[PDB]
>>> print(open('coords.txt').read())   # compact mmCIF, C-alpha atoms and all ligand atoms
# COMPACT_ATOMS: atom_id res chain seq x y z
CA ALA A 3 -7.42 -18.24 -10.51
CA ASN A 4 -4.64 -15.84 -9.66
CA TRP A 5 -5.32 -12.98 -12.07
CA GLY A 6 -3.50 -12.20 -15.28
CA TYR A 7 -4.30 -11.41 -18.88
CA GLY A 8 -4.53 -14.98 -20.17
CA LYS A 9 -7.37 -16.84 -21.77
CA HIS A 10 -9.11 -17.66 -18.42
CA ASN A 11 -7.93 -15.12 -15.80
CA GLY A 12 -7.92 -11.83 -17.77
CA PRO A 13 -9.57 -8.49 -17.06
CA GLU A 14 -13.18 -9.75 -17.55
CA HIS A 15 -12.64 -12.17 -14.60
CA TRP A 16 -11.10 -9.78 -12.13
CA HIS A 17 -14.34 -8.62 -10.59
CA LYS A 18 -14.86 -12.04 -8.95
CA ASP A 19 -11.94 -11.54 -6.59
CA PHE A 20 -11.80 -7.69 -6.73
CA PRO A 21 -15.40 -6.44 -6.85
CA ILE A 22 -14.17 -2.82 -7.10
CA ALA A 23 -13.46 -3.75 -10.75
CA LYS A 24 -17.08 -2.63 -11.40
CA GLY A 25 -16.70 0.56 -9.30
CA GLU A 26 -17.41 4.21 -9.95
CA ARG A 27 -13.91 5.42 -10.65
CA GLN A 28 -12.09 2.67 -12.62
CA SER A 29 -9.19 3.02 -15.02
CA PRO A 30 -8.27 3.15 -17.77
CA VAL A 31 -10.83 5.13 -19.81
CA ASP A 32 -11.35 6.33 -23.36
CA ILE A 33 -10.44 10.03 -23.64
CA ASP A 34 -13.01 11.71 -25.88
CA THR A 35 -11.00 14.72 -27.04
CA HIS A 36 -14.09 16.62 -28.15
CA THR A 37 -15.73 16.26 -24.66
CA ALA A 38 -12.65 16.93 -22.46
CA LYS A 39 -12.88 20.52 -21.30
CA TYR A 40 -9.97 22.90 -21.11
CA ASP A 41 -9.53 23.93 -17.48
CA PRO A 42 -7.58 27.21 -17.35
CA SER A 43 -7.33 26.63 -13.57
CA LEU A 44 -4.95 23.68 -14.09
CA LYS A 45 -1.23 24.34 -13.76
CA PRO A 46 1.74 23.30 -15.85
CA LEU A 47 2.95 20.00 -14.50
CA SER A 48 6.25 20.06 -12.54
CA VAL A 49 8.30 16.92 -13.29
CA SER A 50 11.41 17.09 -11.10
CA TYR A 51 13.52 14.03 -11.97
CA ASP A 52 17.04 15.59 -11.88
CA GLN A 53 17.88 13.61 -8.67
CA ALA A 54 16.13 10.36 -9.61
CA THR A 55 17.85 7.23 -8.28
CA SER A 56 16.92 4.08 -10.15
CA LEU A 57 17.87 0.83 -8.39
CA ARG A 58 16.56 -2.35 -9.96
CA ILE A 59 14.39 -3.77 -12.75
CA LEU A 60 12.05 -6.64 -11.90
CA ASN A 61 9.85 -8.99 -14.06
CA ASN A 62 6.84 -9.35 -11.75
CA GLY A 63 4.92 -11.78 -14.03
CA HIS A 64 2.61 -9.01 -15.34
CA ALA A 65 5.05 -6.40 -16.56
CA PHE A 66 8.54 -5.23 -15.64
CA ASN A 67 9.04 -2.46 -13.04
CA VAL A 68 11.98 -0.06 -13.00
CA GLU A 69 12.23 0.74 -9.26
CA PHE A 70 13.49 3.98 -7.67
CA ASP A 71 14.80 4.97 -4.27
CA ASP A 72 11.73 6.73 -2.77
CA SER A 73 13.14 6.83 0.84
CA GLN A 74 13.46 10.67 0.33
CA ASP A 75 12.17 13.32 -2.11
CA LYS A 76 14.53 12.70 -5.03
CA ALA A 77 12.26 12.35 -8.10
CA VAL A 78 8.86 14.16 -7.57
CA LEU A 79 5.76 15.17 -9.49
CA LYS A 80 3.95 18.34 -8.41
CA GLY A 81 1.58 20.96 -9.83
CA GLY A 82 -0.84 20.26 -12.63
CA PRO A 83 -4.08 19.08 -10.93
CA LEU A 84 -2.09 17.91 -7.78
CA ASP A 85 -1.82 19.33 -4.25
CA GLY A 86 1.35 18.52 -2.51
CA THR A 87 4.29 16.37 -3.49
CA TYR A 88 4.24 12.92 -5.08
CA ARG A 89 7.40 10.74 -4.98
CA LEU A 90 8.37 8.51 -7.94
CA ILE A 91 8.41 4.85 -6.86
CA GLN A 92 8.52 2.88 -10.19
CA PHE A 93 7.70 2.94 -13.83
CA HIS A 94 6.37 0.13 -16.02
CA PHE A 95 4.67 -0.31 -19.40
CA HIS A 96 1.68 -2.09 -20.94
CA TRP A 97 1.93 -3.26 -24.57
CA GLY A 98 0.33 -5.38 -27.18
CA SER A 99 1.01 -8.43 -29.30
CA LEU A 100 0.99 -6.09 -32.39
CA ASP A 101 1.34 -2.34 -32.86
CA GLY A 102 -2.49 -1.85 -33.19
CA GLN A 103 -3.11 -2.43 -29.50
CA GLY A 104 -1.29 -2.22 -26.16
CA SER A 105 -2.25 1.09 -24.47
CA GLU A 106 -4.70 1.11 -21.60
CA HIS A 107 -6.04 4.65 -22.16
CA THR A 108 -7.40 5.29 -25.59
CA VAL A 109 -7.84 8.61 -27.40
CA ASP A 110 -11.09 8.88 -29.38
CA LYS A 111 -11.05 5.06 -29.26
CA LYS A 112 -7.48 4.96 -30.80
CA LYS A 113 -5.23 2.36 -29.14
CA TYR A 114 -1.50 3.08 -29.09
CA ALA A 115 1.22 0.32 -29.29
CA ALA A 116 2.04 0.72 -25.59
CA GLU A 117 1.65 2.98 -22.55
CA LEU A 118 4.25 3.95 -19.96
CA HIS A 119 3.14 4.63 -16.36
CA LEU A 120 5.36 6.62 -13.99
CA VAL A 121 3.87 5.86 -10.59
CA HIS A 122 4.09 8.40 -7.72
CA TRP A 123 2.73 8.49 -4.15
CA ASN A 124 1.58 11.38 -1.97
CA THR A 125 4.16 12.03 0.70
CA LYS A 127 1.46 13.36 3.11
CA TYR A 128 0.60 9.67 3.69
CA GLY A 129 4.15 8.59 4.65
CA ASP A 130 4.35 5.34 2.65
CA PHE A 131 2.93 3.77 -0.48
CA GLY A 132 0.77 1.13 1.33
CA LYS A 133 -0.97 3.99 3.17
CA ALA A 134 -1.28 6.20 0.12
CA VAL A 135 -3.15 3.56 -1.93
CA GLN A 136 -5.96 3.63 0.67
CA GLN A 137 -6.61 7.36 0.00
CA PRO A 138 -8.52 8.97 -2.95
CA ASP A 139 -5.63 11.32 -3.55
CA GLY A 140 -2.91 8.84 -2.66
CA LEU A 141 -1.25 8.32 -6.09
CA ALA A 142 -0.50 10.27 -9.23
CA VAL A 143 0.30 8.21 -12.31
CA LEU A 144 1.76 9.98 -15.34
CA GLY A 145 0.68 8.11 -18.50
CA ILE A 146 2.64 8.46 -21.82
CA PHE A 147 1.57 6.72 -24.99
CA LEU A 148 4.08 4.94 -27.30
CA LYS A 149 3.75 4.79 -31.04
CA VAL A 150 6.05 2.83 -33.37
CA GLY A 151 8.27 4.94 -35.60
CA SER A 152 11.76 6.29 -34.80
CA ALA A 153 13.77 4.72 -31.91
CA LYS A 154 13.66 6.38 -28.52
CA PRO A 155 17.29 6.77 -27.48
CA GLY A 156 16.47 7.01 -23.76
CA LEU A 157 14.55 3.73 -23.85
CA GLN A 158 17.44 1.62 -25.19
CA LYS A 159 19.04 0.92 -21.80
CA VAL A 160 15.71 -0.55 -20.64
CA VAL A 161 15.42 -2.68 -23.87
CA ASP A 162 18.97 -3.99 -23.49
CA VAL A 163 18.50 -5.38 -20.04
CA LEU A 164 15.25 -7.29 -20.79
CA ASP A 165 17.07 -10.47 -21.92
CA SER A 166 18.35 -10.72 -18.31
CA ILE A 167 14.85 -10.68 -16.72
CA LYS A 168 13.04 -12.89 -19.15
CA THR A 169 10.89 -14.70 -16.66
CA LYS A 170 8.75 -13.95 -13.65
CA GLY A 171 10.67 -13.23 -10.44
CA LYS A 172 13.94 -12.33 -12.21
CA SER A 173 15.52 -8.99 -11.44
CA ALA A 174 18.67 -7.12 -12.32
CA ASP A 175 20.64 -4.10 -11.23
CA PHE A 176 19.39 -0.97 -12.85
CA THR A 177 21.17 2.04 -11.48
CA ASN A 178 21.77 5.48 -12.95
CA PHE A 179 18.79 5.31 -15.40
CA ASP A 180 17.41 8.82 -16.20
CA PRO A 181 13.60 8.70 -16.72
CA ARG A 182 13.66 12.19 -18.27
CA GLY A 183 14.79 10.32 -21.41
CA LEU A 184 11.25 8.83 -21.67
CA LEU A 185 9.27 12.14 -21.78
CA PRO A 186 7.89 13.75 -24.94
CA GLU A 187 8.59 17.38 -25.87
CA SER A 188 5.27 18.73 -24.56
CA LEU A 189 3.74 18.24 -21.11
CA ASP A 190 0.17 19.05 -22.21
CA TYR A 191 -2.15 16.57 -20.48
CA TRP A 192 -5.59 15.31 -19.72
CA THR A 193 -6.50 14.48 -16.09
CA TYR A 194 -9.25 12.59 -14.32
CA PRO A 195 -9.75 10.69 -11.04
CA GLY A 196 -9.37 6.91 -11.44
CA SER A 197 -7.81 3.75 -10.23
CA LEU A 198 -4.96 1.25 -10.38
CA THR A 199 -5.37 -0.72 -13.60
CA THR A 200 -4.30 -4.07 -12.16
CA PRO A 201 -5.67 -5.79 -9.08
CA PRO A 202 -6.28 -4.64 -6.45
CA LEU A 203 -7.72 -1.93 -8.67
CA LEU A 204 -7.90 0.61 -5.80
CA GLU A 205 -9.52 3.99 -6.50
CA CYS A 206 -6.59 6.05 -5.34
CA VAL A 207 -5.16 7.62 -8.54
CA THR A 208 -5.10 11.10 -10.08
CA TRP A 209 -4.35 10.25 -13.69
CA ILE A 210 -2.35 12.64 -15.79
CA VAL A 211 -2.13 11.41 -19.38
CA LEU A 212 0.17 13.26 -21.78
CA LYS A 213 -1.28 14.25 -25.12
CA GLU A 214 2.00 13.86 -27.10
CA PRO A 215 3.08 10.22 -27.57
CA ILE A 216 6.71 9.20 -27.63
CA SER A 217 8.08 7.27 -30.61
CA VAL A 218 9.87 3.97 -30.18
CA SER A 219 11.17 1.67 -32.89
CA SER A 220 9.64 -1.65 -34.01
CA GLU A 221 12.84 -3.29 -32.75
CA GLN A 222 12.44 -1.75 -29.31
CA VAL A 223 8.84 -2.92 -28.84
CA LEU A 224 9.71 -6.42 -30.31
CA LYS A 225 12.04 -6.85 -27.33
CA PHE A 226 9.23 -6.07 -24.84
CA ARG A 227 7.30 -8.89 -26.52
CA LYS A 228 10.10 -11.45 -25.89
CA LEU A 229 9.56 -11.30 -22.21
CA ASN A 230 7.60 -14.10 -20.47
CA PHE A 231 4.68 -14.15 -18.00
CA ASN A 232 5.84 -17.57 -16.84
CA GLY A 233 8.66 -18.42 -14.42
CA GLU A 234 12.01 -20.06 -15.40
CA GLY A 235 11.66 -23.52 -16.81
CA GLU A 236 7.84 -23.23 -17.31
CA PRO A 237 6.16 -23.52 -20.73
CA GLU A 238 6.62 -20.20 -22.52
CA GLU A 239 3.83 -17.63 -22.34
CA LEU A 240 4.96 -14.47 -24.09
CA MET A 241 4.36 -11.30 -22.09
CA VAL A 242 2.07 -9.46 -24.55
CA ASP A 243 -1.35 -7.80 -24.23
CA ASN A 244 -0.88 -7.00 -20.55
CA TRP A 245 -3.34 -4.09 -20.79
CA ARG A 246 -6.80 -3.58 -19.21
CA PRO A 247 -9.44 -2.27 -21.70
CA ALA A 248 -11.21 1.09 -21.20
CA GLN A 249 -13.75 1.21 -18.41
CA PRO A 250 -17.03 3.18 -17.99
CA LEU A 251 -16.35 6.88 -17.36
CA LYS A 252 -19.54 7.11 -15.09
CA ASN A 253 -19.86 10.40 -13.25
CA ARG A 254 -16.40 11.73 -14.21
CA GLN A 255 -15.04 14.71 -16.12
CA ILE A 256 -11.77 14.54 -18.06
CA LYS A 257 -10.08 18.00 -17.99
CA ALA A 258 -7.46 19.24 -20.57
CA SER A 259 -4.49 21.44 -19.53
CA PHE A 260 -4.35 22.96 -23.06
CA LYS A 261 -6.69 25.02 -25.26
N1 LIG B 1 -1.14 -0.36 -13.93
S1 LIG B 1 -0.93 1.07 -13.06
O1 LIG B 1 -2.18 1.70 -12.72
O2 LIG B 1 0.11 1.89 -13.65
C1 LIG B 1 -0.42 0.45 -11.48
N2 LIG B 1 -1.07 -0.50 -10.52
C2 LIG B 1 -0.50 -0.75 -9.35
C3 LIG B 1 -0.99 -1.57 -8.43
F1 LIG B 1 -2.11 -2.22 -8.62
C4 LIG B 1 -0.22 -1.73 -7.16
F2 LIG B 1 -0.73 -2.54 -6.28
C5 LIG B 1 0.92 -1.08 -6.95
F3 LIG B 1 1.61 -1.20 -5.87
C6 LIG B 1 1.47 -0.20 -7.92
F4 LIG B 1 2.60 0.48 -7.77
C7 LIG B 1 0.71 -0.08 -9.10
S2 LIG B 1 1.10 0.97 -10.56
ZN ZN B 2 0.27 0.54 -15.40
>>> encode(input="coords.txt", output="structure tokens")
Amino acid sequence: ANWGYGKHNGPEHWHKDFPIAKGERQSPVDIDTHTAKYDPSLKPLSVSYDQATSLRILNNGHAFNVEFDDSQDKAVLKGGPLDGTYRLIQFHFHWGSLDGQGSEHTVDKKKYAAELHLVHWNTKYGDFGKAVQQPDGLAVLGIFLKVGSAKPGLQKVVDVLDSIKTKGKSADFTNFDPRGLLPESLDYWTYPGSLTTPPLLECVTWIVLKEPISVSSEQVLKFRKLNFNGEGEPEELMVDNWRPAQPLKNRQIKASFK
């Protein structure tokens, strides 16, 4: 059992190889909006993506990653609850088989159709493999998707998916501007958590935006035509690649907004 989402290797099995799955600071979590406390000490986030250099899109068998050049400080996330500078390395999504499910975080138990994660690492640790071993090593910006109007800045991602249908396929993906994926408002909730796939390391400051972005039915239908399987293997549609909410334990979710 290499892990996945399937009928026999999904999230409820992961603890057998990755015992941290039952740890004290796992992600994702349900955000109870009545219990999250406004923290007037939190700053506006700084999303600095003007110089972002996208390179490649890859179907890794679990999702697809849009990869960036993080060999210098092009695209960075700073401020909000963060100290120091976090470099963008990739974004990816989680989504469902239908619009009623797909997000990993939930909001008062509401599940959104999908969730985008912009993954960043703390440059004080020099590289990503080092950063994931530190409690403050990563900052993941989480943005919910709901189905409604098309998102114009998502269409270049949708259009390339037919070329990376199966696991291990990749394609060029230069000059993509991730600012086209942000909502209007940067209001957010934040809490300390983890990677949501194995190895599930507890190295993430989560920053989850309150305002979802809207994508069209047609756009999310194309996500659901991807495959978990490799070329020539029996087809396993890449859908429901999300981990369910985990116990909040001894953690406080803070709101940036009153
Ligand atoms: N699903 S997630 O929390 O956004 C997320 N997980 C992981 C992960 F487990 C890794 F090993 C890794 F190198 C990543 F870049 C991410 S990014
Ligand atoms: Zn993710």
>>> atom_distance(input="coords.txt", atom1="atom CA of residue 146 of chain A", atom2="atom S1 of ligand LIG 1 (chain B)")
12.0 Å
>>> closest_atom_pairs(input="coords.txt", of="segment 34-99 of chain A", to="segment 238-260 of chain A", cutoff="6 Å", atoms="only C-alpha atoms", output="CSV")
residue,atom,partner,partner_atom,distance
A:38,CA,A:256,CA,5.1
A:39,CA,A:257,CA,5.0
A:40,CA,A:258,CA,4.5
A:41,CA,A:257,CA,6.0
A:44,CA,A:259,CA,5.9
A:96,CA,A:245,CA,5.4
A:97,CA,A:243,CA,5.6
A:98,CA,A:243,CA,4.2
A:99,CA,A:242,CA,5.0
>>> residues_around(input="coords.txt", residues="residue 52 of chain A", least_positions_apart="3", cutoff="10 Å", atoms="only C-alpha atoms", output="list in words")
residues 49, 55, 76, 77, 78, 180, 181 and 182 of chain A
>>> residues_around(input="coords.txt", residues="residue 70 of chain A", least_positions_apart="4", cutoff="10 Å", atoms="all atoms listed in the file", output="mmCIF file with C-alpha atoms, in the frame of the given file")
data_model
loop_
_atom_site.group_PDB
_atom_site.id
_atom_site.type_symbol
_atom_site.label_atom_id
_atom_site.label_comp_id
_atom_site.auth_asym_id
_atom_site.auth_seq_id
_atom_site.Cartn_x
_atom_site.Cartn_y
_atom_site.Cartn_z
ATOM 1 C CA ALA A 54 16.130 10.360 -9.610
ATOM 2 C CA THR A 55 17.850 7.230 -8.280
ATOM 3 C CA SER A 56 16.920 4.080 -10.150
ATOM 4 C CA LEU A 57 17.870 0.830 -8.390
ATOM 5 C CA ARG A 58 16.560 -2.350 -9.960
ATOM 6 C CA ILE A 59 14.390 -3.770 -12.750
ATOM 7 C CA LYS A 76 14.530 12.700 -5.030
ATOM 8 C CA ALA A 77 12.260 12.350 -8.100
ATOM 9 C CA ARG A 89 7.400 10.740 -4.980
ATOM 10 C CA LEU A 90 8.370 8.510 -7.940
ATOM 11 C CA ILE A 91 8.410 4.850 -6.860
ATOM 12 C CA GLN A 92 8.520 2.880 -10.190
ATOM 13 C CA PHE A 93 7.700 2.940 -13.830
ATOM 14 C CA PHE A 176 19.390 -0.970 -12.850
ATOM 15 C CA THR A 177 21.170 2.040 -11.480
ATOM 16 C CA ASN A 178 21.770 5.480 -12.950
ATOM 17 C CA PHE A 179 18.790 5.310 -15.400
#
>>> atom_distance(input="coords.txt", atom1="atom CA of residue 64 of chain A", atom2="atom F2 of ligand LIG 1 (chain B)")
11.6 Å
>>> closest_residue(input="coords.txt", among="A:83, A:235, A:138, A:145", to="ligand LIG 1 (chain B)", atoms="only C-alpha atoms and all ligand atoms")
A:145
>>> closest_residue(input="coords.txt", among="A:154, A:94, A:80, A:113", to="residue 219 of chain A", atoms="all atoms listed in the file")
A:154
>>> closest_residue(input="coords.txt", among="A:223, A:160, A:230, A:168", to="residue 104 of chain A", atoms="only C-alpha atoms")
A:223
>>> residues_near_ligand(input="coords.txt", ligand="ligand ZN 2 (chain B)", cutoff="9 Å", atoms="all atoms listed in the file", output="MDAnalysis selection string")
chainID A and resid 65 93:96 106 117:121 143 145 198:200 245
>>> atom_distance(input="coords.txt", atom1="atom CA of residue 153 of chain A", atom2="atom CA of residue 222 of chain A")
7.1 Å
>>> residues_near_point(input="coords.txt", point="(-12.2, -6.9, -9.8)", cutoff="10 Å", atoms="all atoms listed in the file", output="PDB file with C-alpha atoms, keeping the file's coordinate frame")
ATOM      1  CA  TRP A   5      -5.320 -12.980 -12.070  1.00  0.00           C
ATOM      2  CA  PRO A  13      -9.570  -8.490 -17.060  1.00  0.00           C
ATOM      3  CA  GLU A  14     -13.180  -9.750 -17.550  1.00  0.00           C
ATOM      4  CA  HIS A  15     -12.640 -12.170 -14.600  1.00  0.00           C
ATOM      5  CA  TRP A  16     -11.100  -9.780 -12.130  1.00  0.00           C
ATOM      6  CA  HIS A  17     -14.340  -8.620 -10.590  1.00  0.00           C
ATOM      7  CA  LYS A  18     -14.860 -12.040  -8.950  1.00  0.00           C
ATOM      8  CA  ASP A  19     -11.940 -11.540  -6.590  1.00  0.00           C
ATOM      9  CA  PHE A  20     -11.800  -7.690  -6.730  1.00  0.00           C
ATOM     10  CA  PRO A  21     -15.400  -6.440  -6.850  1.00  0.00           C
ATOM     11  CA  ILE A  22     -14.170  -2.820  -7.100  1.00  0.00           C
ATOM     12  CA  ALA A  23     -13.460  -3.750 -10.750  1.00  0.00           C
ATOM     13  CA  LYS A  24     -17.080  -2.630 -11.400  1.00  0.00           C
ATOM     14  CA  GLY A  25     -16.700   0.560  -9.300  1.00  0.00           C
ATOM     15  CA  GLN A  28     -12.090   2.670 -12.620  1.00  0.00           C
ATOM     16  CA  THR A 199      -5.370  -0.720 -13.600  1.00  0.00           C
ATOM     17  CA  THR A 200      -4.300  -4.070 -12.160  1.00  0.00           C
ATOM     18  CA  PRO A 201      -5.670  -5.790  -9.080  1.00  0.00           C
ATOM     19  CA  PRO A 202      -6.280  -4.640  -6.450  1.00  0.00           C
ATOM     20  CA  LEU A 203      -7.720  -1.930  -8.670  1.00  0.00           C
ATOM     21  CA  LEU A 204      -7.900   0.610  -5.800  1.00  0.00           C
TER      22      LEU A 204
END
>>> closest_residue(input="coords.txt", among="A:192, A:66, A:131, A:7", to="ligand LIG 1 (chain B)", atoms="only C-alpha atoms and all ligand atoms")
A:131
>>> closest_residue(input="coords.txt", among="A:109, A:139, A:149, A:196", to="residue 37 of chain A", atoms="only C-alpha atoms")
A:109
>>> closest_residue(input="coords.txt", among="A:123, A:114, A:88, A:147", to="ligand LIG 1 (chain B)", atoms="only C-alpha atoms and all ligand atoms")
A:123
>>> build_atoms(input="coords.txt", residues="segment 170-192 of chain A", atoms="N, CA, C and O atoms", output="PDB file, keeping the file's coordinate frame")
ATOM      1  N   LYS A 170       9.327 -14.466 -14.876  1.00  0.00           N
ATOM      2  CA  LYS A 170       8.750 -13.950 -13.650  1.00  0.00           C
ATOM      3  C   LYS A 170       9.658 -14.192 -12.458  1.00  0.00           C
ATOM      4  O   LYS A 170      10.084 -15.292 -12.232  1.00  0.00           O
ATOM      5  N   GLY A 171       9.887 -13.137 -11.697  1.00  0.00           N
ATOM      6  CA  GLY A 171      10.670 -13.230 -10.440  1.00  0.00           C
ATOM      7  C   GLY A 171      12.134 -12.898 -10.661  1.00  0.00           C
ATOM      8  O   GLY A 171      12.912 -12.779  -9.677  1.00  0.00           O
ATOM      9  N   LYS A 172      12.570 -12.760 -11.917  1.00  0.00           N
ATOM     10  CA  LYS A 172      13.940 -12.330 -12.210  1.00  0.00           C
ATOM     11  C   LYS A 172      14.071 -10.811 -12.061  1.00  0.00           C
ATOM     12  O   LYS A 172      13.201 -10.028 -12.455  1.00  0.00           O
ATOM     13  N   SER A 173      15.222 -10.397 -11.551  1.00  0.00           N
ATOM     14  CA  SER A 173      15.520  -8.990 -11.440  1.00  0.00           C
ATOM     15  C   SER A 173      16.979  -8.739 -11.794  1.00  0.00           C
ATOM     16  O   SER A 173      17.832  -9.685 -11.771  1.00  0.00           O
ATOM     17  N   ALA A 174      17.291  -7.471 -12.045  1.00  0.00           N
ATOM     18  CA  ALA A 174      18.670  -7.120 -12.320  1.00  0.00           C
ATOM     19  C   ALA A 174      18.942  -5.717 -11.755  1.00  0.00           C
ATOM     20  O   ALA A 174      18.051  -4.869 -11.687  1.00  0.00           O
ATOM     21  N   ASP A 175      20.243  -5.455 -11.510  1.00  0.00           N
ATOM     22  CA  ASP A 175      20.640  -4.100 -11.230  1.00  0.00           C
ATOM     23  C   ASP A 175      20.167  -3.182 -12.313  1.00  0.00           C
ATOM     24  O   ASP A 175      20.140  -3.519 -13.517  1.00  0.00           O
ATOM     25  N   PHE A 176      19.765  -2.002 -11.872  1.00  0.00           N
ATOM     26  CA  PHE A 176      19.390  -0.970 -12.850  1.00  0.00           C
ATOM     27  C   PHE A 176      19.538   0.399 -12.312  1.00  0.00           C
ATOM     28  O   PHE A 176      18.622   1.130 -12.181  1.00  0.00           O
ATOM     29  N   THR A 177      20.812   0.723 -12.026  1.00  0.00           N
ATOM     30  CA  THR A 177      21.170   2.040 -11.480  1.00  0.00           C
ATOM     31  C   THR A 177      21.487   3.070 -12.568  1.00  0.00           C
ATOM     32  O   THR A 177      21.810   2.740 -13.730  1.00  0.00           O
ATOM     33  N   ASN A 178      21.387   4.325 -12.146  1.00  0.00           N
ATOM     34  CA  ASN A 178      21.770   5.480 -12.950  1.00  0.00           C
ATOM     35  C   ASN A 178      20.905   5.621 -14.201  1.00  0.00           C
ATOM     36  O   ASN A 178      21.383   6.186 -15.189  1.00  0.00           O
ATOM     37  N   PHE A 179      19.639   5.124 -14.214  1.00  0.00           N
ATOM     38  CA  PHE A 179      18.790   5.310 -15.400  1.00  0.00           C
ATOM     39  C   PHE A 179      18.027   6.660 -15.241  1.00  0.00           C
ATOM     40  O   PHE A 179      17.470   6.918 -14.172  1.00  0.00           O
ATOM     41  N   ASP A 180      17.989   7.517 -16.290  1.00  0.00           N
ATOM     42  CA  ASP A 180      17.410   8.820 -16.200  1.00  0.00           C
ATOM     43  C   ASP A 180      16.041   8.804 -16.865  1.00  0.00           C
ATOM     44  O   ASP A 180      15.936   8.763 -18.130  1.00  0.00           O
ATOM     45  N   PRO A 181      14.941   8.812 -16.093  1.00  0.00           N
ATOM     46  CA  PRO A 181      13.600   8.700 -16.720  1.00  0.00           C
ATOM     47  C   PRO A 181      13.201   9.925 -17.552  1.00  0.00           C
ATOM     48  O   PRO A 181      12.196   9.928 -18.283  1.00  0.00           O
ATOM     49  N   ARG A 182      13.962  11.018 -17.413  1.00  0.00           N
ATOM     50  CA  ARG A 182      13.660  12.190 -18.270  1.00  0.00           C
ATOM     51  C   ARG A 182      13.784  11.841 -19.748  1.00  0.00           C
ATOM     52  O   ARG A 182      13.161  12.513 -20.607  1.00  0.00           O
ATOM     53  N   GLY A 183      14.558  10.787 -20.041  1.00  0.00           N
ATOM     54  CA  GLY A 183      14.790  10.320 -21.410  1.00  0.00           C
ATOM     55  C   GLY A 183      13.554   9.650 -21.994  1.00  0.00           C
ATOM     56  O   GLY A 183      13.561   9.301 -23.151  1.00  0.00           O
ATOM     57  N   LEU A 184      12.510   9.431 -21.187  1.00  0.00           N
ATOM     58  CA  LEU A 184      11.250   8.830 -21.670  1.00  0.00           C
ATOM     59  C   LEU A 184      10.112   9.819 -21.974  1.00  0.00           C
ATOM     60  O   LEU A 184       8.984   9.452 -22.365  1.00  0.00           O
ATOM     61  N   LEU A 185      10.314  11.094 -21.638  1.00  0.00           N
ATOM     62  CA  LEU A 185       9.270  12.140 -21.780  1.00  0.00           C
ATOM     63  C   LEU A 185       9.172  12.646 -23.238  1.00  0.00           C
ATOM     64  O   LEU A 185      10.189  12.638 -23.987  1.00  0.00           O
ATOM     65  N   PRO A 186       7.984  13.019 -23.672  1.00  0.00           N
ATOM     66  CA  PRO A 186       7.890  13.750 -24.940  1.00  0.00           C
ATOM     67  C   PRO A 186       8.280  15.214 -24.755  1.00  0.00           C
ATOM     68  O   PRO A 186       8.563  15.667 -23.613  1.00  0.00           O
ATOM     69  N   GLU A 187       8.243  15.963 -25.858  1.00  0.00           N
ATOM     70  CA  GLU A 187       8.590  17.380 -25.870  1.00  0.00           C
ATOM     71  C   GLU A 187       7.633  18.173 -25.007  1.00  0.00           C
ATOM     72  O   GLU A 187       8.040  18.999 -24.191  1.00  0.00           O
ATOM     73  N   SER A 188       6.342  17.963 -25.258  1.00  0.00           N
ATOM     74  CA  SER A 188       5.270  18.730 -24.560  1.00  0.00           C
ATOM     75  C   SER A 188       4.728  17.988 -23.345  1.00  0.00           C
ATOM     76  O   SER A 188       4.544  16.756 -23.386  1.00  0.00           O
ATOM     77  N   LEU A 189       4.419  18.757 -22.310  1.00  0.00           N
ATOM     78  CA  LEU A 189       3.740  18.240 -21.110  1.00  0.00           C
ATOM     79  C   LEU A 189       2.248  18.549 -21.071  1.00  0.00           C
ATOM     80  O   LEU A 189       1.615  18.461 -19.991  1.00  0.00           O
ATOM     81  N   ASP A 190       1.623  18.924 -22.193  1.00  0.00           N
ATOM     82  CA  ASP A 190       0.170  19.050 -22.210  1.00  0.00           C
ATOM     83  C   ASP A 190      -0.478  17.699 -21.810  1.00  0.00           C
ATOM     84  O   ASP A 190       0.007  16.618 -22.204  1.00  0.00           O
ATOM     85  N   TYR A 191      -1.601  17.794 -21.083  1.00  0.00           N
ATOM     86  CA  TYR A 191      -2.150  16.570 -20.480  1.00  0.00           C
ATOM     87  C   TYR A 191      -3.628  16.639 -20.304  1.00  0.00           C
ATOM     88  O   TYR A 191      -4.255  17.739 -20.346  1.00  0.00           O
ATOM     89  N   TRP A 192      -4.208  15.425 -20.194  1.00  0.00           N
ATOM     90  CA  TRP A 192      -5.590  15.310 -19.720  1.00  0.00           C
ATOM     91  C   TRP A 192      -5.527  14.698 -18.287  1.00  0.00           C
ATOM     92  O   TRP A 192      -4.576  14.018 -17.934  1.00  0.00           O
TER      93      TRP A 192
END
